[PDB]
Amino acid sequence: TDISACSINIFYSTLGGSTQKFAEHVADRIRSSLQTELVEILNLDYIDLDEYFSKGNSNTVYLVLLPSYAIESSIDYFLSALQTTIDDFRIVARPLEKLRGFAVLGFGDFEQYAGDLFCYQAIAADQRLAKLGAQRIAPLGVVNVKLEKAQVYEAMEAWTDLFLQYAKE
């Protein structure tokens, strides 16, 4: 089903508030690029995760904007809820097979967390959504939030545009 025809859910998590601001900006760029009012932003901390990640509609896209935290955070709970859904016998295999698809954008600090930790929770989200049967529309994007602010914005704008291009092919 056509991307312009789809309802678009933008999930995010935030401790410091930057990923919220970035999710508003990604939402506004998608709204203006597709001339659609079918874009919603959802804070993963305020949402019933089984309702969204245990079942999906053919006319729905999921975008996941996720910072990474090496400390324990609500994001740990998001990733565990995905793993529980993959593993629990009481839930069917590939419950998101009917989703139009999904893409992940991760935020991380390369200066401090270069290596296995850089955007590690966005990498895990991308792998687990694919194991839930959701078709990946675009490759995982990562933004180093220690670049200049102009470059952080240019990076998530290029990823939003690549996402819209892939979704139209």
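Numbers follow the displayed sequence, beginning with 1.
Of the two stretches examined, 71-79 and 89-97, the record assigns the greater average C-alpha temperature factor to 89-97.
Taking the PDB entry as given, 47-55 carries the higher mean Cα B factor of the two stretches 105-113 and 47-55. Within the selection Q127, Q121, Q35, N144, the deposited Cα B-factor values reach their highest point at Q35. Per the PDB record, residue ranking by Cα B-factor puts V39 in the highest third of the chain.
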